[PDB]
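Next up is one chain by itself, shown in structure tokens, the form deposited in one PDB entry.
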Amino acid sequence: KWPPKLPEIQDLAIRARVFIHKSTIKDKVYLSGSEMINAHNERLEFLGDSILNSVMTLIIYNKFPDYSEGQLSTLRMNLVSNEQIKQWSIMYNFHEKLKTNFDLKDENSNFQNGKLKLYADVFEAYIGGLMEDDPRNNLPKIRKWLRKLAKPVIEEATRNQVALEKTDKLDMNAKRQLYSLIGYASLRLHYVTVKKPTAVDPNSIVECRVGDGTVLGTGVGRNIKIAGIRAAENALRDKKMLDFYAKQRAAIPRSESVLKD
């Protein structure tokens, strides 16, 4: 059942080419540049990359009709990356099948301590191989095959990634809604960002505070705007706090409350 059944390449000459690394042919001096290019897999990898991104895009585009472009882009990033497809490649043992001029073994070699992008390339090259062999009918077999591979990756990503966290059910007017109920000019009701999103921590934390420093709410999200909203929603859920400040505003003369001081 797993992994998904690998689409077969009918042409034997093509099936061999995807596994030929340039180190094998590029060192043969009697070959013309053209003959070299038709020998190794570099063209297939190049083509395979565009195909990969093409059908991955179509997969997620249809599966998530309400996703924005930033979410479709972020999700695709997980599917088409070299790190991801390298692991799929190892899964199919492309891996050992690859023909190089050097040692893939021997852990003391610099190769093993690198990013092994070579193992990603052979996956794209295999896809490209299918497209040269039989462009028509191997294309849908690529979709159906890459759908199956993507499913577990999509599941984990949409769950555990902040960028993909659903922003619906959120109240965009929550900040104004809060100010309406409680805030007045001299209250100095504001929002401070305690944590800005980074690569290491793609989270934002914003606190909703009043003038004296009292924190009415806290929120977390993909960015300051989203976090600030959640902070407002956090404060809006506490009725005793709101009713306190709502009453507090009523006790302030309209004379005083409209100023900032």
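The first residue of the sequence shown is number 1, and the count goes up from there. Rigid core: the largest C-alpha set superposing within 1.5 Å between the two forms.
The following text describes the form deposited in another entry, which does not appear among the structures shown.
Problem set entry | Answer among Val194, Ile37, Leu31, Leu58 for the CA shift between the shown form and the other one that reaches 2 Å or more, rigid core superposed | Correct option: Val194.
Problem set entry | Large Cα move at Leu47 between the shown form and the other one, threshold 2 Å, rigid core | No, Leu47 moves less than 2 Å.
Exercise. After a core superposition, would you say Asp11 shifts its C-alpha by at least 2 Å between the shown form and the other one?
Worked result: After core superposition, the displacement of the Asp11 C-alpha between the shown form and the other one stays below 2 Å, so no.
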